[PDB]
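To begin, one chain is listed below as structure tokens, in the form deposited in one PDB entry.
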């Protein structure tokens, strides 16, 4: 059983940006001591929903300060940055950490990113798809060239080479059937949402496995992750209150981030990304989600997670603890998860 720690770098209104940044640093360093193998970093721009916009650079820092700890992105917003620059960053992380970087990717949730960085959210799926091929071509061959509909550039030598054969291991944040299939066609592990239930998780997996098997992948050796909002407390109802209050704030912060440019001048500057635009546009609250998350007593946490393991065969459990209050109360929540939940989870029979 592997354990991950999710770090959101969420800014509650009573904390300063400096204090939130110190907590990222500290919580990353505390993680190994609490029995976590991996720290996963979320990307977000411009708003308090999350203050870390560059997980490659924050991963560099934590990997630099550590030896055996793995650090991953959950997730890089793939489309909003140049695929060759990102390949350089991944290889560098891969080289410097000697193989401890985990490369989680998504299409991106917020238009504001596409707006500022100058690319098209309506095209996010095709960009994620194309950027992935170019990166993996660089990881595999040591060179990348593009002559397509989305982007074109001459062949270049990609520096440095990949430490890990085929590049650092890729994970896909996926929660549509189409992103599931995309990941499956590639044999790539998914990081599953903490807002869906066991039945939904199992159905997403069954879908994945169908396509993955057709390609010849061993579906039993793929490092899929269950992700979780987590609040372990001997007082069950206090854990639920803490998480219910947090999920309300974070959801409001998600909403605010979707509306940030709501009444603004839509004028774009120079188009450095010409092939990336499409002519046309494309054609839910989480207040009760603590019920389907390990929020409650250790025993209750054990049962929710074992139920997910038993339905999916996943043995990589990634938990977010930042709903839990001060740095001290987050660490204490991690420590109680470590002592009273970790040792009692078992792999699917």
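Positions refer to the first chain, counted from 1. Between two forms, the rigid core is defined as the largest C-alpha subset superposing within 1.5 Å. Shifts are known only where both forms have a C-alpha.
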item: Between 18 to 26 and 323 to 331 (mean CA B-factor, as deposited), the higher; value: 323 to 331
item: Stretch with the greater mean C-alpha B-factor as recorded in the entry, comparing 3 to 11 against 340 to 348; value: 340 to 348
item: Per the PDB entry, maximal CA B factor within 82, 234, 224, 112; value: 234
item: Identity of residue with top Cα B-factor, from 165, 159, 178, 86; value: 178
item: Residue 288 - which third its CA temperature factor falls in, relative to the rest of the chain; value: highest
item: Residue 275 - which third its CA temperature factor falls in, relative to the rest of the chain; value: highest
item: Residue 169 - which third its CA temperature factor falls in, relative to the rest of the chain; value: lowest
item: Cα B factor band for residue 216 (lowest, middle or highest third within the chain); value: middle
item: Within-chain third of residue 269 by Cα B-factor, per the entry; value: highest
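This next part talks about the form deposited in another entry, which is not shown.
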query: Core-fitted Cα difference of 2 Å or more between the shown form and the other one, single residue among 222, 260, 96, 84; finding: 260
query: Taking the rigid core as reference, consecutive runs of 3 or more residues that move 2 angstroms or more in Cα between the shown form and the other one; finding: 259 to 270
